[PDB]
């Protein structure tokens, strides 16, 4: 069509109107305005004018940033005007800048694989996680699960289901059943909707109980179901402060201690203790991380560290 409103954005601008403090929502503003402007636009060249002006405002911002912004625009257009709107053929970044973006990523990752960080104090890190599994503070439990199960924060906190995994005619003690994969949309070969088994790094018993507590806390019951902008607003800076605090003294010198660090390490340790002999590391990761079928490319991003044992062994060839 030629009309409709981006409800979600508007909502956010409206709340923003009466906050005790905070910087101005100028970008949600540009988007809202843009969407208004589009109403009763039939002509491509006009739509092009509107987009091109938007692009030009964004000059100065970082490439990675610009690209993210373009997504906010696109979801807004899609929300307001549906999927079929010709503005979605226009509102995109140019191809050259995408091409460079790719290059940049390849370079980064290629550099990590050539310079893995030795996770000297890793066992300490996992103990700490295990211990947080026993904390009264739901946040702490959460951190504990990210360390122990490898689920992303958003997963742990707002939407993960954890079943006990059947191990023959009993119960698996080194893995649980997980559901609520994020970053995934329905489709052949996709973990969306799918329950599946992932190794964990301490008694399935423990883990499962801890998730029960978290699920039942006040803050937990709040978290449960939150969209991502919600969850980020509620919890991101807190969780980042906590994790920084908590692991600061044991994290490899090379980098600062961040929540996703747990998922990276988790993959590494799980592989190291549990990987069967006939699958590759890339495969094992893409498996335990809930990656799409045949997606082996994404594993490459989690190859971050090396365990001091593995490092010691390489050196054992002198």
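Numbering follows the first chain given and starts at 1.
Q: Could you check which stretch, 43-51 or 272-280, carries the larger mean CA temperature factor in the entry?
A: Between 43-51 and 272-280, it is 43-51.
Q: Output the stretch having the higher mean C-alpha B factor in the entry; the candidates are 52-60 and 258-266.
A: Between 52-60 and 258-266, it is 52-60.
Q: Taking the values straight from the PDB record, which of 135, 149, 181, 71 has the highest C-alpha temperature factor?
A: Among 135, 149, 181, 71, the PDB entry lists the largest C-alpha B-factor for 135.
Q: Given 307, 10, 296, 303, identify the residue with the highest C-alpha B factor in the PDB entry.
A: Comparing C-alpha B-factors across 307, 10, 296, 303, the maximum falls on 10.
Q: Quick one: classify residue 237 as lowest, middle or highest third of the chain based on its Cα B-factor.
A: Its C-alpha B-factor, which the entry lists for residue 237, ranks in the middle third among residues of this chain.
Q: Ordered by C-alpha B-factor within the chain, which third holds residue 195? Give me lowest, middle or highest, please.
A: Lowest third - that is where residue 195 ends up once the chain's C-alpha B-factors are sorted.
Q: Can you work out whether the C-alpha temperature factor of residue 211 puts it in the lowest, middle or highest third of the chain?
A: Answer is highest: the recorded C-alpha B-factor places it there.
Q: Grab the CA temperature factor for residue 38 from the record and place it in the lowest, middle or highest third of its chain.
A: Its C-alpha B-factor belongs to the highest third of this chain's values.
Q: Ranked by Cα temperature factor within the chain, is residue 224 in the lowest third, the middle third or the highest third?
A: CA B-factor rank for residue 224: middle third.
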